[PDB]
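In the form deposited without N1-carboxypiperazine, a lone chain appears below as structure tokens.
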């Protein structure tokens, strides 16, 4: 398993190496089923490829793995395309980082000349509205707080009025955290979506999320139609395999990376960098 260009990749080389790759992906928290598909994808791509002069069979397979991973994660950075009017939803599991991400997005775009409006739609978590209200003050962006029991139609009414009177062109709706299997709440999210009509629905996923990332992404996507993702808490040391799991089942772009607890802690997501991270290059 350590010789220079003296043969094409054999099925015997793609059994010893990919077994280690499968383990690395699992340790990185990439979902099991996603890992088998990825390994079998590499097996097909590498199957019987030439191992030039220089390069060992291992190196060629490792290169194939990294390239496949980079591609599966998005290839190159990609940010949302904004139009005259934009209304986005931040959705996801309890504690993923939605409220903070909404404030980060507001600051990021305000700096780009947009005029954002933050909408605190979480009325179940104690002090949730105060939380976004405070962040709004910190980033210098208006915050509309939904009232207890307010209907989707009423929310739409007030959001429309405020956006018009204050010339807002990017409305960020921060929703409460909910389990992807909570029928009542997932139904409420779907109804809010049909009434408000978001141009983007972003699933905020914690980088430390484990094997269930797959089911979580699929449920939110099938119930409310995810258009993109935000991977938070990347300033931690979690490998971030949940990102590949979410990408694999939704096919949607991972727009941003959350890299700190501060409002400025937002940046474009780079497939290349997470690929290395998942493989343990950092």
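Numbering follows the first chain given and starts at 1.
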TODO: Could you check the entry and say whether 39-47 or 210-218 has the higher mean CA B-factor?
DONE: 39-47
- [ ] Select between 112-120 and 178-186 the stretch whose C-alpha atoms have the higher average B-factor in the entry.
- [x] 112-120
Task: Selection by C-alpha B-factor (highest) of 31, 250, 232, 56 - done: 56
- [ ] Report the option among 158, 191, 125, 83 whose CA atom has the maximum B-factor in the deposited record.
- [x] 83
- [ ] Going by the recorded CA B-factors, say which third of the chain residue 200 sits in, lowest, middle or highest.
- [x] lowest
TODO: Would you check the entry's CA temperature factor for residue 26 and let me know if it's in the chain's lowest, middle or highest third?
DONE: middle
Task: Modelled-residue ranking by C-alpha temperature factor, third containing residue 74 - done: middle
Task: Modelled-residue ranking by C-alpha temperature factor, third containing residue 168 - done: middle
Task: For residue 129, the third of its chain into which the C-alpha B factor falls - done: lowest
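Beyond what is shown, the protein has a form deposited with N1-carboxypiperazine bound; the following relates to that form.
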TODO: Name the residue from 226, 214, 65, 257 that puts a heavy atom within 4.5 Å of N1-carboxypiperazine in the bound PDB entry.
DONE: 257
TODO: Name the residue from 234, 34, 51, 46 that puts a heavy atom within 4.5 Å of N1-carboxypiperazine in the bound PDB entry.
DONE: 234
Task: Option from 83-91, 142-150, 159-167, 105-113 whose residues, in the bound PDB entry, bring a heavy atom within 4.5 Å of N1-carboxypiperazine - done: 83-91
Task: Proximity of residue 22 to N1-carboxypiperazine in the bound PDB entry, heavy atoms at 4.5 Å - done: no
TODO: May I ask you to check whether residue 13 falls inside a 4.5 Å heavy atom distance of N1-carboxypiperazine in the bound PDB entry?
DONE: no
TODO: For the heavy atom contacts within 4.5 Å of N1-carboxypiperazine in the bound PDB entry, list the residues of 265-279 involved, in sequence order.
DONE: 267, 268, 269, 270, 273, 274, 277
